[PDB]
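Asker: My questions will all concern the structure given below.
Where a number appears in this text, it was derived from the coordinates with a stated rule and is not lab data. Positions of Cβ are generated from backbone atoms using ideal geometry, with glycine treated the same way; all protein chains shown enter the neighbour counts.
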Ligand SMILES: CC/C(=C(\c1ccc(O)cc1)c1ccc(OCCN(C)C)cc1)c1ccccc1
Ligand SMILES: CC/C(=C(\c1ccc(O)cc1)c1ccc(OCCN(C)C)cc1)c1ccccc1
């Protein structure tokens with residue numbers, strides 16, 4: 001129902017803050033997973049607030065909202081990381097007080113590290129804009145779990161998600177058209193942006209693989225935990 | 001290769017299409033699932049290599065970069081093919097014309113039922129979208145070129161990446177042309193382009209789940225090595 005410009009402003013308004021990591025005591029590479037886990041768990045609370053502010057998301061059932069977040073949360077964390085690392089070549093800006101390069105990633109993730117750095121590089125080359133970024137993040141939330149939900153309710157939920165996804169596509173095209181791009185450039189850029197999302201899913205899968213391999217009780221946010229965070233009064 | 005028309009690009013991809021293979025099993029014999037699928041895939045991979053070489057722009061790359069792209073994309077390519085020929089068979093996966101299974105038949109293998117349902121959902125989405133053959137071959141070409149392009153600073157590799165992105169742009173223009181030829185409005189054009197490309201994210205996910213299982217098997221030959229792929233390409 002909203003216009004493209006109304007859509008962008010809504011997404012920009014809903015943006016989560018950049019959080020910080022740790023005492024200015026000596027640094028050690030052993031505590032790296034500790035720092036990143038603490039940060040992530042903290043961001044995830046804010047991500048829930050952001051999601052409820054993505055247009056169309058709260059129109060879904062509580063169950064489907066959880067399913068979408070369950071599928072997308074690490075992808076969302078990762079595109080956020082890649083975004084704030086964009087203007088810091090060769091480094092990943094996990095937090096403003098936690099900026100690491102390749103060699104420091106070797107602490108058992110250097111594979112994922114290199115993949116994130118390459119995505120940052122790609123964003124840099126494409127001159128990715130903030131307005132485009134918030135659209136892509138919204139798309140990840142809506143798309144990542146939409147294929148893994150019969151009932152009439154489900155069919156209506158799926159149709160709604162696809163209609164919102166169509167709206168974000170229109171918004172992306174409008175941003176490019178505002179920027180002065182030709183129709184050919186618009187289509188080509190849209191495609192370039194969406195193809196990156198495949199790589200972000202890949203990195204998320206690799207990351208989730210490690211998280212499950214840790215064999216710890218809450219390393220992956222449970223359905224029940226996500227439900228409680230979403231199901232607010 | 002970067003000078004073809006949209007129609008020339010399409011006819012090139014359609015002519016390059018690999019054949020549908022059959023499962024190897026005695027049909028007179030009683031009703032091994034992983035054994036059947038592994039044999040099918042291995043035979044399919046040989047034809048996939050011939051196909052890759054006829055994708056415009058691919059052979060312009062170094063043999064090293066060709067192997068890397070195929071390394072990243074081969075199971076994705078097998079899966080989108082599986083989804084495509086399963087499209088007109090709701091609730092079933094058509095692994096081969098003599099091997100059509102439903103939901104409960106994937107339970108024979110650990111974790112397969114998860115993948116099974118994800119594949120069925122993709123075929124359903126394809127059917128809903130009324131995906132066209134010409135669109136399909138474009139999507140499969142995109143998978144080949146895009147999946148490995150993010151995994152360099154050497155002048156040559158900068159040239160290689162540049163080339164891959166120019167080819168991907170050409171396929172994008174081709175997709176748009178197909179849709180414009182079918183009378184879609186500009187809005188419906190870019191909306192459909194987005195819908196199709198977003199499905200490729202789910203296909204990556206399914207490949208990753210599948211790769212996790214193949215690796216979980218402690219077999220030396222199950223995952224095709226760089227050398228094996230280089231032998232086949234070169
Ligand atoms: C790439 C960094 C990422 C972490 C991360 C990414 C982005 C960001 O903004 C913050 C952190 C990461 C690490 C741990 C983690 O699991 C903790 C989750 N809770 C839910 C138990 C999540 C992300 C990571 C994921 C898997 C393995 C190693 C590292
Ligand atoms: C989803 C079916 C797929 C098989 C398949 C995919 C596409 C196709 O057209 C036909 C069958 C499959 C299974 C194993 C496999 O690896 C074999 C090892 N070779 C590659 C050395 C490839 C495909 C599969 C992948 C992982 C585990 C179980 C099944």
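Asker: Provide the packing ranking of B:12-21, B:48-57, i.e. peptides ordered by the mean count of other C-beta atoms within 10 Å per residue, highest first.
Answerer: Per-residue mean Cβ counts within 10 Å order the peptides as B:48-57, B:12-21.
Asker: Along each principal axis of its Cα atoms, how long is segment A:87-212 end to end? Whole angstroms, biggest number first, please.
Answerer: Largest first, segment A:87-212 extends 49, 42, 24 Å along its Cα principal axes.
Asker: While we're on this one: Translational diffusion coefficient of the protein assembly as shown at 10 °C, 1.306 mPa s, Stokes-Einstein with Kirkwood Rh over Cα pairs, in µm²/s as a whole number.
Answerer: 68
Asker: Return the calculated 222 nm mean residue ellipticity for chain B, to the nearest 500 deg cm²/dmol, obtained by summing -39500 (n - 2.57) across DSSP H runs with n ≥ 4 and dividing by the residue count.
Answerer: Roughly -22500 deg cm²/dmol at 222 nm, from the helical runs in chain B.
Asker: What's the FRET efficiency of residue A:220 with residue A:15 using the Cβ-Cβ distance as r and R₀ = 25 Å, to the nearest 0.05?
Answerer: It comes out at approximately 0.50.
Asker: Mind checking the log10 I(q)/I(0) for chain A at q = 0.09, 0.10, 0.12, 0.18 Å⁻¹? Debye, one equal scatterer per Cα, no solvent, two decimals.
Answerer: Log10 of I(q)/I(0), two decimals: -0.39, -0.48, -0.70, -1.50.
Asker: Roughly how crowded by other chains is peptide A:181-194, in terms of the mean Cβ count from those chains within 10 Å of each of its Cβ atoms?
Answerer: 5
Asker: Right, another one. Tell me the Rg and the Dmax, in Å, that the Cα atoms of segment A:185-233 produce.
Answerer: 16.6, 48
Asker: Also, quick follow-up: Roughly how crowded by other chains is peptide A:196-206, in terms of the mean Cβ count from those chains within 10 Å of each of its Cβ atoms?
Answerer: Shielding by partners across A:196-206 averages 6.
Asker: Next up: I'd like the mean, over residues of A:120-133, of how many other protein chain beta carbons sit within 10 Å of each residue's own Cβ.
Answerer: The per-residue average across the peptide is 1.
Asker: Round to the nearest 0.05 the FRET efficiency obtained for residue A:182 and residue A:114 when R0 = 41 Å and r is the Cβ-Cβ distance.
Answerer: So, using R0 = 41 Å, E works out to roughly 0.75.
Asker: Spin-label point model (7 Å from Cα, Cβ direction): what's the residue B:152 to residue B:38 distance in nm?
Answerer: 3.3
Asker: Run the simple label-point estimate for residue A:125 and residue B:129 please: 7 Å along Cα→C-beta, distance reported in nm.
Answerer: Inter-label distance under the simple model: 2.5 nm.
Asker: What ranking do B:74-80, B:36-42 get when scored by the average of other Cβ atoms within 10 Å per residue, highest first?
Answerer: B:74-80, B:36-42
Asker: For an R0 of 30 angstrom, estimate the FRET efficiency from the Cβ-Cβ distance between residue A:232 and residue A:24 and round to the nearest 0.05.
Answerer: My answer for the efficiency is 0.25.
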